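J.: The structure's right below; bear with me while I get my questions together.
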2 protein chains.
Amino acid sequence: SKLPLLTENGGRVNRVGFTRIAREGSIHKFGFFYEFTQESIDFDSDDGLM
Amino acid sequence: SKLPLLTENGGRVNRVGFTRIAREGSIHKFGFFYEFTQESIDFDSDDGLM
């Protein structure tokens with residue numbers, strides 16, 4: 001019932017349209033840290049602690 | 001009875017006049033046409049139709 005049929009006289013028949021879509025995404029921020037003292041390094045048994 | 005007879009004393013006698021006529025003519029516009037489809041040419045038995 002929706003086939004674009006055409007007669008020998010043509011005319012303004014079977015017009016169509018188009019569409020488009022948009023996608024999006026965003027970034028975020030992360031981080032963490034730790035703290036220490038000089039003694040916690042110098043007097044510790046393991047010299048490879050850091 | 002209407003001859004321009006002139007006497008020995010002349011005078012204001014036998015005066016005449018003249019006339020002219022104007023002719024005219026105009027032009028007119030004519031025309032006619034016919035239509036046809038592509039199928040009436042391509043699918044017709046006779047290729048010399050046009």
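Labels for the structure tokens follow display order: chains A, B, ..., residues from 1 in each chain, ligands from 1.
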Over all Cα atoms in order, fit chain B to chain A and jot down the RMSD to one decimal place.

T.: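 For chain A versus chain B, the C-alpha RMSD is 0.6 Å.
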
J.: Near chain B, meaning an atom within 12 Å, which residues of chain A appear when counting only C-alpha atoms? Write them as a list in words.

T.: residues 6, 7, 8, 9, 10 and 11 of chain A

J.: Pick out the residues sitting within 12 Å of residue 3 (chain A), and hand them over as an MDAnalysis selection string; count only C-alpha atoms, and ignore anything fewer than 6 positions along from it in its own chain.

T.: chainID A and resid 13:15

J.: Distance CA of residue 17 (chain B)-CA of residue 5 (chain B), one decimal place?

T.: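 According to the coordinates, CA of residue 17 (chain B) and CA of residue 5 (chain B) are separated by 17.2 Å.
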
J.: What does the distance from CA of residue 50 (chain A) to CA of residue 34 (chain A) come to in Å, to one decimal?

T.: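 Value for the CA of residue 50 (chain A)-CA of residue 34 (chain A) distance: 11.2 Å.
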